[PDB]
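Residue numbers (PDB author numbering): 1253 to 1364, 1382 to 1448, 1454 to 1489, 1495 to 1600.
Structure follows, in C-alpha cells:
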C-alpha cells in the first residue's frame, strides 16, 4: 500500500512485475486470469497506470511473444500467447506497429477434445481481431495496408460458418466495429442463397440470419413460407404426446418464430397471419395452457406493441385469443 515512486517501483518490485509479466502468457487459463487480476489490483493499489508499471520490463515478454511464430508453438501456448496479445493491447499504448506480423499470422490461421481447443483458439482470434481493429490508434496505422477490408471479409466468412459460438463471436466483433455496402451485399449474397432454400435451414443458420438482420421485408414472408412448409403435414399431430423440449424440428420452428423478433421496424405485413398461424400450431398440437411458442412471440409483441394491442382488443369477444 505504501509504495511511492518508480525508483521504489524498481529493484524487487520490478522483479515482481517481471514475474507477473512472464506468467501472463502461460497456457493455463486460471493462471493467466489470476495474473491479470493481480496485475490490475497491484497497479490500482499503488495509484499508477498498468502500462506505466509494465513498460520498463516489457522486453522479457517481447523476447518470446513475437520471435517465435504461433505455428511452431503448441496449441495451448498459442492460446496463451494470443490472450497475452489481447490483454497487453487492451491497455493505453504499446506495440504501435510491430504486431501486424502476428495480425497476418492470425488471419491465415483463422482462414483455414482437440476440437474444443480449436474452437477456443478461433473465438480468441475473433476477439483479438475485433479489438485490434476497434481501437483507432492501430486503424490509423493500418489504413495504408488496407487490412480492415480483409478483417471485414474474414469476419463475414466466419459468420458464414456452422459453429454457433464462432457465429456469436463474429456478431459481437461486427457490433464492436460498427461503432462497405458493396462488400456487405457480396457477403450477404451467400446468406440470401442459403435462406432461399426451403426445409434446409439449421438453427445456426437462423441465428446467423438474426445476427445479420441486427445490422427486405420479403424475407419475413419467405420465413413464413418455410414455417408453413414445416408446420402442416405431420408435426403437430405427432407431437401431441411427444415432449417439446428436445425435438429437433421443435427447436428449428422455435428459431423460425424467434427470428421474427428483429424484423424491419416498419409495420409487419402478416402479423394477423402470424398470430393465426400461432393459433393453428397451438390448437392442432392439442395444448391449451402453455406452449413453448409463446416466448418467441413475447418479444415480437413487445417490440411492436401498439398494433398487436388493438388487434387483440378487437378480438376480446372470443376466449381463445
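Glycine included, each C-beta is placed from N, C-alpha and C at the ideal position.
* Asked: Residues in its own chain within less than 6 angstroms of residue 1313 by CB, not counting five upstream and five downstream?
  -> The sequence position of residue 1313 within the chain shown is 61, counting from 1. Around residue 1313: 1273.
* Where residue 1277 falls, given that 16 or more other Cβ within 10 Å makes a residue buried -> The residue you call residue 1277 lines up with position 25 of the chain shown. Classification for residue 1277: buried.
* The alpha helix (DSSP H) with residue 1416 in it runs from where to where? -> If you number the chain shown from 1, residue 1416 lands on position 147. It spans 1416-1428 - the alpha helix (DSSP H) in which residue 1416 sits, taken as one unbroken run.
* Going by the CB atoms, is the gap between residue 1399 and residue 1442 shorter than 9 angstroms? -> Working through the chain shown from its first residue, we reach residue 1442 at position 173. Working through the chain shown from its first residue, we reach residue 1399 at position 130. Closer than 9 angstroms, so yes.
* Below 8 angstroms CB to CB, which residues in the same chain sit around residue 1309 once its five sequence neighbours on both sides are set aside? => As a first step, residue 1309 must be located in the chain shown, where it is residue number 57. If we look at residue 1309 and ignore the five residues flanking it on each side, its Cβ neighbours are 1266, 1269, 1270, 1273.
* Alpha carbon to alpha carbon, what distance is there between residue 1550 and residue 1587? -> Stepping through the chain shown from its first residue, residue 1587 is reached at position 308. Stepping through the chain shown from its first residue, residue 1550 is reached at position 271. Approximately 8 angstroms, taken between the alpha carbons.
* To do: Give the range of the alpha helix (DSSP H) segment to which residue 1505 is assigned.
  => As a working note, residue 1505 is residue 226 in the chain shown. Residue 1505 -> alpha helix (DSSP H) spans 1497-1510.
* Counting along the chain, where does the alpha helix (DSSP H) carrying residue 1288 start and finish? -> For the purposes of this step, residue 1288 is identified with residue 36 of the chain shown, where counting begins at 1. Element bounds for residue 1288: 1281-1297.
* **Spatial distance of residue 1411 from residue 1392 (CA atoms)** => As a first step, residue 1411 must be located in the chain shown, where it is residue number 142. As a first step, residue 1392 must be located in the chain shown, where it is residue number 123. Cα to Cα, the separation comes out at about 22 angstroms.
* Short check: CB of residue 1344 to CB of residue 1405, under 9 angstroms? -> Within the chain shown, the letter at position 92 stands for residue 1344. Within the chain shown, the letter at position 136 stands for residue 1405. No, these two residues do not count as a Cβ contact at 9 angstroms.
* **residue 1496 beta carbon less than 9 angstroms from that of residue 1462** => Sequence index remark: in the chain shown, residue 1462 carries index 188 (1-based). Sequence index remark: in the chain shown, residue 1496 carries index 217 (1-based). Their beta carbons are not under 9 angstroms apart, which means residue 1462 does not touch residue 1496 by this criterion.
* State buried or exposed for residue 1579, treating a residue as buried only when at least 16 other CB atoms are found within 10 Å of its CB. => Here residue 1579 corresponds to residue number 300 of the chain shown, with the count starting at 1. The residue in question, residue 1579, is buried, as its Cβ has 16 or more Cβ neighbours within 10 Å.
* 7 angstroms Cβ shell around residue 1297 - same chain, five flanking residues per side excluded -> The residue given as residue 1297 occupies position 45 in the chain shown. Around residue 1297: 1253.
* **Under 9 angstroms between C-beta atoms of residue 1487 and residue 1538** => Walking along the chain shown from the start, residue 1487 turns up at place 213. Walking along the chain shown from the start, residue 1538 turns up at place 259. In this structure, residue 1538 lies closer than 9 angstroms to residue 1487 by Cβ.
* Asked: Does the beta-carbon distance from residue 1396 to residue 1338 come in below 9 angstroms?
  -> Locating residue 1396 in the chain shown gives position 127, where the first residue counts as 1. Locating residue 1338 in the chain shown gives position 86, where the first residue counts as 1. Yes. Within cutoff.
* Give the straight-line distance between the Cα atoms of residue 1358 and residue 1318, rounded to the nearest whole angstrom. => Here residue 1358 refers to the residue found at position 106 of the chain shown. Here residue 1318 refers to the residue found at position 66 of the chain shown. If you take the alpha carbons of residue 1358 and residue 1318, they lie about 12 angstroms apart.
* **Residue environment, residue 1322, which counts as buried when at least 16 other CB atoms sit within 10 Å** => Residue numbering aside, residue 1322 sits at position 70 when the chain shown is read from its first letter. Looking at its Cβ environment, which holds 16 or more other Cβ atoms inside 10 Å, residue 1322 is buried.
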